[PDB]
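In what follows, a structure is listed as structure tokens, so that the remarks can point back to it.
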Amino acid sequence: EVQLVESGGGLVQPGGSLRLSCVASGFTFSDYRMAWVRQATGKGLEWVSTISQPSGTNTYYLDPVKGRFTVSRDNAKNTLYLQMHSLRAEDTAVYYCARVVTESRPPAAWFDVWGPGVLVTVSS
Amino acid sequence: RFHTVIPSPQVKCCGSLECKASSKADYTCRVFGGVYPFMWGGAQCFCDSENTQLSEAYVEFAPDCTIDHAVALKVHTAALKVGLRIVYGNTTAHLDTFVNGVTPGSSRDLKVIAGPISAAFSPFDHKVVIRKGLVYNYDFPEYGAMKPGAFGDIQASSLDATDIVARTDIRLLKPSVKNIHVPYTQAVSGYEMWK
Amino acid sequence: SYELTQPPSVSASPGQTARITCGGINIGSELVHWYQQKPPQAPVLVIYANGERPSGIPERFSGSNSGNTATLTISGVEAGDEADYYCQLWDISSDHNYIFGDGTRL
Amino acid sequence: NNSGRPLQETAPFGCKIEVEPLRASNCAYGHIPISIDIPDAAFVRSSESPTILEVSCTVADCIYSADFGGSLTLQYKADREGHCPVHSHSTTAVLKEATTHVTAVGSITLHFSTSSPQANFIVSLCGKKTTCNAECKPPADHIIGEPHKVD
Amino acid sequence: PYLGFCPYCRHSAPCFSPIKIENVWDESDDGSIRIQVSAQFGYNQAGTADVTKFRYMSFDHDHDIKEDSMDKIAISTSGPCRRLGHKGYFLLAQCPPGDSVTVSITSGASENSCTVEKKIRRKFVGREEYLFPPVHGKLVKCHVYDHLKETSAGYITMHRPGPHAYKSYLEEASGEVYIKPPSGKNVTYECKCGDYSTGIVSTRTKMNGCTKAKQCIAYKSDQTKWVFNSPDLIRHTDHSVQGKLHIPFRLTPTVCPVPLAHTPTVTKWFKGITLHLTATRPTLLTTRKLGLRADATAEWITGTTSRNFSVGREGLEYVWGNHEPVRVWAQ
Amino acid sequence: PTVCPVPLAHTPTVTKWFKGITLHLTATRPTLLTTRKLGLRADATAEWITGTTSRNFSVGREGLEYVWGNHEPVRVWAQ
Amino acid sequence: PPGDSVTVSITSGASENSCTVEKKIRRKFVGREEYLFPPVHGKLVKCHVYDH
Amino acid sequence: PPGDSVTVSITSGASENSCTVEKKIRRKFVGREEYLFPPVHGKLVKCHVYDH
């Protein structure tokens, strides 16, 4: 069965750092692009970052999270990663690791598989 | 005669495509691998190899079947009705009546009972075909029993009916030349052969 | 940068059809995807590419897109349809960004 | 205009006429006597071959068709592990296998093609022989695209 | 106003031309034939209705739509075909029998022609073959294409245009890939040189990590057209029915003139007739007994001849060409 | 010398009876069918066909071979 | 195209000098199927044609 | 040339008025041998033709 399981979330002070992880099962981790997406409480979905396949050479980030958050991948253990630095209060949210199914033409990408998500809190 | 619609092809040129099931008439579709089709620029893909293509085709009624079309009928016991002119004494009468020995014809003071016919007859075989006013005693296949290259290869409850059912024995072939296209072969319209 | 607006809420008793609209300049020239979410469960894709659906979506769900409006049409509403719905697209000329709509509640 | 049919589609025995040089290829007819001076190094003494203590044959559902339409099972007790060769001593039955890995105890399933309604013949494994008997049904299939391997 | 992969262009071979014939219809009783192509006839650049000129697909890299006049289109199967009408994709013309049909735009010396095989035969109506509907004859029920250009034999579905890639959009220099869109146009590019990456560029744009132009593709973001669901074009993923245009020149019913064959001369013998016959063209004689057997006989006749037909006391019926049935009873 | 493209005819439909076959055939154009027995006698037959039809061909145990248009030779063996 | 004779005609304005000679040319195909036109899809079989 | 009808057309620019009438005109010869064209060498046999 295709499954994504997140781990590593929790409470952190503003200006801190964290390493969020997402283990993957039931498929070829190397064959698909992955993404981290975020949802604040009571708010809609906002995209955080995408990492390409199979080596993840090119990585894309949302505008405020550039320079501080970095997404990485490991095809050996089938694990996606997002390291956060200089955390800020409104980073508090539930983060989901989601697959990206993209088609060459027209360039169009969507999320077919989502993890249950895990909560990171940034407060003093 | 059926119109063979061959939809526009589709390529996922380094992913995978699979065979979905539709409800179209004699719907046929299949998957090819490495093809690398050209359309006008000499190349329509990146990742030239492992280049899956979905090829599809199906049939409908022609847009001109509104006039040229055959309809299939099952006939039953032939009811016979006669128009009749009589004169008795000085007064005459016209009347139309059935021949069964039951149904009476009446003209306003006169009653008459006619029939049954001395020798029953019906020139219509149980299975008949009508086209543009022309009748044929043709044993057409039962509904749903379409045969390729034979009359009734295409069947439907009505011209506007969407439940078009067919087995035309279409098969789609593997593309050969570098240019994008869909090759296929199809059996002759059995309607035309019967015609 | 494209902006997506949806009505904050839509009210529909069971039985009839419900239409939820995504507004954004010239979105008919792009491909929209509608995601259905029940909080706290993760969103699920229900429409992608303006006209088709993942496997398992009932026949009542349909999508359309034209000009300045995309539309999710849900014939024969039931109690289970009461959820939240996000419009989404991928604008790539703005550095591969994925814009979501504000969301609508049924 | 009146050359008629070239022999490419008219040669009996169905053997393809290839030019430069002129020849007929893959042309099935008659029989070929052969004599082979097999090297003795290929042989192995019977002592090291795994001698089988007992066997019994059970013919499974068999059908006399051009292909390997029948199956059978040999239940065996042997003394050691090796690679016994299996042979059919029937002119009207041919095995699908020539040699199988054999254990001290067990059973092996095999396939065969036959042309007789009765498969009532002998099979030898590491030399030791055993008869077995069954009725092969008429071929349920009717036409096949490969030749009869059995006369 | 797209282009299709015609199997027979001008010179000898298949190529991609605006004038590809995709289907042909000839069911009309007068021999008129309906054709369909990728060009839009009766329309200017913007699509405004104007019979004198037409728009069609261009042979360039910006690949716009360019226009020409009715005088410059010709159609032919064996001899030249005379146009009867045109709307958009569709044509109607009357022209002699042949084995293939051809349409040619003659822009001066640029004569571009597409040919497709179709066995078209001289077809008539009635029971007598004829080259020409006669001046005098019976008016019999026939079905012919309506010359009215605003009719509708049906409808046709078109969709959003599919991919249209170019390598003139691409540019190779020092083993490196660039995209050069036309001036002021946002062109969607997409490539894979390892990682698969997309985008839209409106100006001369470099890409990194790419050494071969075959790995990248570029195409203008055009949804300003609707294209028929043709098999010669790779398609858009969203192939929903995005429109429906009528099929002009409906096959309407009417009446046609058919000739009157020779009036036979009957020469009778005991329980049998000898009918003397003249028919310069193929004429159908159908006879039948009226008893418990019909014993129906049929024959197509040319020249003159004589036929002996036994007639019984019960009687006999016959039809000679389009003439009325005639019934007799022996003694 | 060079290479030329030639068409792919309809694929027959084989209907088999005891020691014989019935091939249902379609060819809008003249297409050449050539058959030959694979025994001591070839019994070779050749025929150019148009329209749609069906041919009954006896098949012996020794087998039979046929070529239908440009298609590859096909061989059968009866029981 | 096919015909019963071949004609070569030079047209110097109204001076249209033409010579005709009988020669029966027919539509000849290669392979085991008759066809008007070389199909877009087909087996590539060995043929012999004039060099352009 | 042989045909099944005869047509006369007057072409006043674009005004092309044509009248057609059916008449089966077949390629006809003289003598005991069919021929497309009068041979350069052959017997001089009695014939009847329209005088120019």
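The numbers used for chain B are those of Swiss-Prot, and the residues that appear cover 847-1041, in sequence.
Structure determined by electron microscopy, 4.2 Å.
Yeah, the Cβs are placed from backbone N, Cα and C, and that goes for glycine too.
Features as listed in Swiss-Prot:
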DISULFID  B:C859-B:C891  disulfide bond
DISULFID  B:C860-B:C893  disulfide bond
DISULFID  B:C865-B:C875  disulfide bond
REGION    B:881-898  region 'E1 fusion peptide loop'
CARBOHYD  B:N936  N-linked glycosylation site
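In terms of C-alpha distance, the listed recorded positions B:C875, B:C891, B:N936 place B:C891 closest to B:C860 (disulfide bond).
Across the fold, the C-alpha of B:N936 (N-linked glycosylation site) and the C-alpha of B:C875 (disulfide bond) stand 79 Å from each other. Each of the disulfide-bonded residues B:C859, B:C893 was ranked by the number of other C-beta atoms within 10 Å, and first place falls to B:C859. Just so you know, the Cβ of B:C865 (disulfide bond) picks up 10 other Cβ atoms within 10 Å once every protein chain is counted. Geometry remark: B:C891 (disulfide bond) versus B:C865 (disulfide bond), CA distance 21 Å. With every protein chain in view, the residue among the disulfide-bonded residues B:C860, B:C875, B:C891 whose Cβ has the most Cβ partners within 10 Å turns out to be B:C891. DSSP places the residues of the region 'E1 fusion peptide loop' (B:881-898) in helix, strand and coil in these numbers: 0 helix, 2 strand, 16 coil. Of all the disulfide-bonded residues listed here (B:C865, B:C875, B:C893), B:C893 has the Cα closest to the Cα of B:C859 (disulfide bond). Note on the residue listed as 'N-linked glycosylation site': other Cβ atoms within 10 Å of its Cβ, all shown chains, come to 5. On the backbone, the CA of B:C875 (disulfide bond) and the CA of B:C893 (disulfide bond) stand 24 Å apart.
The distance from the Cα of B:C865 (disulfide bond) to the Cα of B:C893 (disulfide bond) comes to 22 Å. When the C-beta distance to chain A is held to under 8 angstroms, the recorded positions B:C859, B:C865, B:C875, B:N936 reduce to B:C859, listed in sequence order. Note: B:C893, taken in sequence order from the disulfide-bonded residues B:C859, B:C865, B:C875, B:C893, have a C-beta within a distance under 8 Å of a chain E C-beta. In the three-state DSSP classification, B:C875 (disulfide bond) falls within a strand. In three-state terms derived from DSSP, B:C859 (disulfide bond) belongs to neither a helical nor a strand segment and is classed as coil.
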